[PDB]
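Form deposited in one PDB entry, single chain, as structure tokens, below.
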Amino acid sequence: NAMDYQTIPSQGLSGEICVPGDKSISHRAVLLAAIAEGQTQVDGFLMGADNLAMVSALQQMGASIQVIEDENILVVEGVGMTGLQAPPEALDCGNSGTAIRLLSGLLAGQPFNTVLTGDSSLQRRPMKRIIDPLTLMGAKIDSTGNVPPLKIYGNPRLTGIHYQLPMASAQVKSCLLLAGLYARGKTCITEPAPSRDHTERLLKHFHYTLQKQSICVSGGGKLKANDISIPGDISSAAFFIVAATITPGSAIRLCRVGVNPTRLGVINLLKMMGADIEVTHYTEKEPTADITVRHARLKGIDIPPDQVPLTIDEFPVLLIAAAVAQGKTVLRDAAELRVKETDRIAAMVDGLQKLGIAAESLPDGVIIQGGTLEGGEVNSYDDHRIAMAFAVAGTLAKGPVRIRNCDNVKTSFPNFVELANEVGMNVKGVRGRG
């Protein structure tokens, strides 16, 4: 039977907590380690449903991966570029868009056939953005309506291409870069606007040769095993940053959070809105830092377009900050929100309205009038970020907030409840319905 989250207001957040590992880096780290030469130890690996689904898919194809769940460690025995074997069944990517799209680039150049699918939500997510450029490289992929299930007819004779991406997308950049490694010649990717660069950084880590305003790679190289340490996901920290910002009497520090510039959006915008956030204890191994957050009053803002891409996954929780800020906040150029786990614009607008916030939808964003969150009930729409965003909303709401169906929070933040309660934000898992 289902599980829901139930909150009561917070009298202030307090403490030091280390959020778990970065989802984005975790996906790439395990996929690259799998086809490298040698043994790679991965610390800080995110033991969430999405990342574990990536592991599981790789295992269907003969990757040698040892999962040590309680310590967030993976031990990967590389099988080399050509070491994978044809799986017997369709690869279940669960709820993970990153897995299915990155796997597609890895499997495009294989000498075997693969069927990629997932859960209902994943079967509604768009794939044209990868199918077209892969097809230019020589890939043949079958799909009804440019959505999974995808059937890849492996082609070991893929050829490189130069390609400009229509919109900024790390997933597409990463997909092509992977297929690039198995393609004859150079593959050059040019972005109109920078997207997160984790792939590029891991490729350098595994000593694969990389060129550069666009970035290129030549096929036939080899990845060399090299131990990896994953920093904390700032997307997970985003929930505590917003909560401590909006909840009076709050003072907290978030240890070992990744601070890659292509991920600092939530922080940049909150600051524009009046936030009190201090980055210190800065270090390098992917950049990492300690984030200290204190309560501050906020003013609504017009979200500059250039920040949208770097903050796409943080709008759910940011919109909770806009809801309790003074004045109006307008989000634009965020039509990508509609095509995620769920339509995140529709889902936030509905939740906010149910909690008493004047929130109006736009095809590419929302208009929010800062106001006062009331207690009530909202639906997560099975989306992990919608669920946690509303759990953050509970800290300031006038009354309890019931968020329905929170089983998917583990897709990116398995220990969310435990850490929430530990810093003083009240959230309890309780028997759901249906």
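Residue numbers run from 1 along the displayed sequence.
One more form of this protein exists, namely the form deposited in another entry; it is left out here, but the text below deals with it.
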| item | value |
| --- | --- |
| Point of rigid-part switching between the shown form and the other one, i.e. the hinge, among 348, 291, 270, 22 | 22 |
| Outcome for the Cα pair residue 68, residue 16 in the other entry, compared with this form (closer or farther; change of 3 Å or more) | closer |
| CA-CA separation of residue 125 and residue 384, closer or farther in the other entry than in the form shown [shift of 3 angstroms or more] | farther |
